[PDB]
Amino acid sequence: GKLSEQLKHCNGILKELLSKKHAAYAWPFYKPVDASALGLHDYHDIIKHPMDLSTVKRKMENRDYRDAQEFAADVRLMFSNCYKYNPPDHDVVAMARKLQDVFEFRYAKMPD
Ligand SMILES: CC(=O)Nc1ccc(C(=O)NCCc2c[nH]cn2)cc1OCc1ccccc1
């Protein structure tokens, strides 16, 4: 089916985002932001819906995502949180923009 095939493409993208190829800029997005550990005591006041690649992986493994659009919304939420919280000149934003470039160009190659 179309939904299964498109979710296979989504799973391929997710594997790539977690791969050593992209680790130099992907690593801040591997696990939930530990706001308390990083001293970001305003993070959960500013970010209402935290998202990270480990949460996307768990949701994929649990068959939570019903279609490619739902998967993409979580990956883009993760990037949007980074752009909302951080000043645009911060290193983590540069890393987000590079990983989102990887994501958007491969997401565009969706079979349909
Ligand atoms: C996903 C996300 O937004 N993460 C982060 C947000 C704010 C800070 C944070 O502490 N910001 C203020 C201090 C700072 C600036 N540049 C690095 N640390 C560090 C963050 O992730 C860890 C990190 C560390 C080093 C480089 C990239 C990501």
# chains A, B, ... in the order shown; residues from 1 in each chain; ligands from 1

$ residues_near_ligand --ligand "ligand 1" --cutoff "9 Å" --atoms "only C-alpha atoms and all ligand atoms" --output "short mmCIF file (atom, residue, chain, number, x, y, z; two decimals) with N, CA, C and O atoms, in the first residue's frame"
data_model
loop_
_atom_site.label_atom_id
_atom_site.label_comp_id
_atom_site.auth_asym_id
_atom_site.auth_seq_id
_atom_site.Cartn_x
_atom_site.Cartn_y
_atom_site.Cartn_z
N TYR A 25 26.49 17.31 13.06
CA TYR A 25 25.43 18.35 13.23
C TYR A 25 24.12 17.75 13.72
O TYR A 25 23.26 18.53 14.16
N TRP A 27 23.74 15.51 16.30
CA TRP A 27 23.80 14.98 17.69
C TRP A 27 22.91 15.77 18.65
O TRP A 27 22.34 15.16 19.56
N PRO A 28 22.72 17.11 18.55
CA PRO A 28 21.84 17.81 19.50
C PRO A 28 20.38 17.36 19.43
O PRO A 28 19.65 17.61 20.37
N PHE A 29 19.99 16.67 18.35
CA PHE A 29 18.59 16.28 18.04
C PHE A 29 18.36 14.79 18.33
O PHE A 29 17.24 14.31 18.09
N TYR A 30 19.36 14.09 18.87
CA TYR A 30 19.31 12.62 19.09
C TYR A 30 18.35 12.28 20.23
O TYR A 30 17.67 11.25 20.14
N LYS A 31 18.32 13.10 21.28
CA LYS A 31 17.56 12.82 22.53
C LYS A 31 16.79 14.06 22.94
O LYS A 31 17.13 15.17 22.53
N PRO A 32 15.74 13.93 23.78
CA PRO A 32 15.02 15.10 24.29
C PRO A 32 15.99 16.10 24.92
O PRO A 32 16.93 15.68 25.60
N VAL A 33 15.77 17.39 24.67
CA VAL A 33 16.52 18.49 25.35
C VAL A 33 16.35 18.28 26.85
O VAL A 33 15.20 18.25 27.32
N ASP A 34 17.46 18.09 27.57
CA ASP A 34 17.47 18.05 29.05
C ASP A 34 17.65 19.49 29.52
O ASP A 34 18.81 19.91 29.72
N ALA A 35 16.55 20.24 29.61
CA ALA A 35 16.54 21.69 29.90
C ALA A 35 17.29 21.97 31.21
O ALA A 35 18.18 22.84 31.22
N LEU A 38 21.09 21.49 31.01
CA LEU A 38 21.73 22.52 30.14
C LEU A 38 21.56 23.93 30.74
O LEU A 38 22.14 24.87 30.18
N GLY A 39 20.79 24.06 31.83
CA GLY A 39 20.51 25.34 32.50
C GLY A 39 19.50 26.18 31.74
O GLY A 39 19.44 27.40 31.99
N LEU A 40 18.72 25.56 30.85
CA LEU A 40 17.72 26.25 29.99
C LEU A 40 16.37 26.25 30.73
O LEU A 40 15.44 25.55 30.30
N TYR A 43 13.07 26.81 28.88
CA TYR A 43 12.84 25.99 27.65
C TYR A 43 11.38 25.54 27.56
O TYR A 43 10.76 25.72 26.50
N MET A 51 10.26 17.86 20.78
CA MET A 51 10.39 16.73 19.82
C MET A 51 11.86 16.53 19.50
O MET A 51 12.63 17.51 19.52
N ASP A 52 12.24 15.27 19.28
CA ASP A 52 13.64 14.86 19.01
C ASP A 52 13.61 13.55 18.23
O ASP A 52 12.53 12.94 18.15
N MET A 78 10.47 19.54 15.54
CA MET A 78 11.81 19.47 16.18
C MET A 78 12.67 20.66 15.71
O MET A 78 13.25 21.35 16.57
N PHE A 79 12.73 20.92 14.40
CA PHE A 79 13.53 22.04 13.84
C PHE A 79 12.93 23.38 14.28
O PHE A 79 13.68 24.27 14.73
N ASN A 81 11.17 24.13 16.92
CA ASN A 81 11.48 24.34 18.36
C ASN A 81 12.87 24.96 18.48
O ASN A 81 13.04 25.91 19.26
N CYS A 82 13.84 24.45 17.73
CA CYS A 82 15.24 24.96 17.72
C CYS A 82 15.26 26.43 17.27
O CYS A 82 15.91 27.25 17.94
N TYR A 83 14.54 26.76 16.19
CA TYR A 83 14.49 28.12 15.61
C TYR A 83 13.71 29.08 16.53
O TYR A 83 14.01 30.29 16.51
N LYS A 84 12.75 28.56 17.30
CA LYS A 84 11.92 29.38 18.22
C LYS A 84 12.75 29.74 19.46
O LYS A 84 12.73 30.92 19.87
N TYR A 85 13.43 28.76 20.05
CA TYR A 85 14.09 28.92 21.37
C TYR A 85 15.39 29.71 21.23
O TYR A 85 15.65 30.60 22.07
N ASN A 86 16.21 29.38 20.23
CA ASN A 86 17.62 29.82 20.14
C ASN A 86 17.73 31.07 19.27
O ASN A 86 17.07 31.17 18.25
N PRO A 87 18.60 32.04 19.65
CA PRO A 87 18.94 33.15 18.75
C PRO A 87 19.47 32.58 17.43
O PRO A 87 20.16 31.57 17.43
N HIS A 90 23.24 31.26 16.83
CA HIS A 90 23.79 30.22 17.74
C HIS A 90 24.17 28.97 16.93
O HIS A 90 23.51 28.70 15.91
N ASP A 91 25.21 28.26 17.37
CA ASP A 91 25.78 27.08 16.67
C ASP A 91 24.69 26.02 16.44
O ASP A 91 24.67 25.43 15.36
N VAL A 92 23.81 25.80 17.42
CA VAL A 92 22.79 24.71 17.35
C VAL A 92 21.81 25.01 16.20
O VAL A 92 21.30 24.04 15.61
N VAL A 93 21.57 26.29 15.90
CA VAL A 93 20.65 26.70 14.79
C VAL A 93 21.31 26.37 13.45
O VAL A 93 20.60 25.86 12.56
N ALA A 94 22.60 26.65 13.29
CA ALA A 94 23.38 26.29 12.09
C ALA A 94 23.29 24.77 11.87
O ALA A 94 23.12 24.34 10.71
N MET A 95 23.39 24.00 12.95
CA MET A 95 23.32 22.51 12.89
C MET A 95 21.91 22.08 12.48
O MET A 95 21.80 21.20 11.61
N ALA A 96 20.87 22.70 13.05
CA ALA A 96 19.46 22.45 12.68
C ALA A 96 19.24 22.69 11.18
O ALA A 96 18.64 21.84 10.51
#

$ closest_residue --among "A:42, A:80, A:98, A:71" --to "residue 9 (chain A)" --atoms "only C-alpha atoms"
A:71

$ residues_around --residues "region 14-21 of chain A" --least-positions-apart "2" --cutoff "8 Å" --atoms "only C-alpha atoms" --output "MDAnalysis selection string"
chainID A and resid 10:12 23:24 26 30 53 57 99 102:103

$ write_last_selection --atoms "N, CA and C atoms" --output "mmCIF file, in the first residue's frame"
data_model
loop_
_atom_site.group_PDB
_atom_site.id
_atom_site.type_symbol
_atom_site.label_atom_id
_atom_site.label_comp_id
_atom_site.auth_asym_id
_atom_site.auth_seq_id
_atom_site.Cartn_x
_atom_site.Cartn_y
_atom_site.Cartn_z
ATOM 1 N N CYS A 10 10.074 7.304 4.800
ATOM 2 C CA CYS A 10 10.223 8.078 6.060
ATOM 3 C C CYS A 10 11.218 7.369 6.984
ATOM 4 N N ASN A 11 11.083 6.055 7.152
ATOM 5 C CA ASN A 11 12.004 5.277 8.022
ATOM 6 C C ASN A 11 13.435 5.355 7.476
ATOM 7 N N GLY A 12 13.614 5.313 6.152
ATOM 8 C CA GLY A 12 14.939 5.452 5.518
ATOM 9 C C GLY A 12 15.562 6.795 5.856
ATOM 10 N N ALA A 23 26.376 12.928 11.941
ATOM 11 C CA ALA A 23 26.513 12.981 13.417
ATOM 12 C C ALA A 23 27.093 14.325 13.877
ATOM 13 N N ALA A 24 27.959 14.959 13.079
ATOM 14 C CA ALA A 24 28.658 16.209 13.467
ATOM 15 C C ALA A 24 27.647 17.332 13.726
ATOM 16 N N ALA A 26 23.932 16.421 13.679
ATOM 17 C CA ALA A 26 22.658 15.783 14.088
ATOM 18 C C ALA A 26 22.599 15.578 15.607
ATOM 19 N N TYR A 30 19.362 14.092 18.865
ATOM 20 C CA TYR A 30 19.311 12.624 19.095
ATOM 21 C C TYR A 30 18.346 12.284 20.232
ATOM 22 N N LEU A 53 14.746 13.129 17.685
ATOM 23 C CA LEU A 53 14.794 11.965 16.766
ATOM 24 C C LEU A 53 14.549 10.652 17.519
ATOM 25 N N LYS A 57 11.754 8.054 16.406
ATOM 26 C CA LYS A 57 12.126 6.625 16.228
ATOM 27 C C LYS A 57 11.153 5.740 17.015
ATOM 28 N N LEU A 99 20.840 19.886 9.090
ATOM 29 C CA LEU A 99 20.090 18.608 9.190
ATOM 30 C C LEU A 99 18.737 18.761 8.487
ATOM 31 N N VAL A 102 19.214 18.196 4.783
ATOM 32 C CA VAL A 102 19.263 16.727 4.518
ATOM 33 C C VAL A 102 17.823 16.210 4.459
ATOM 34 N N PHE A 103 17.034 16.521 5.484
ATOM 35 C CA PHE A 103 15.643 16.029 5.616
ATOM 36 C C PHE A 103 14.800 16.476 4.415
#

$ atom_distance --atom1 "CA of residue 68 (chain A)" --atom2 "CA of residue 3 (chain A)"
7.3 Å
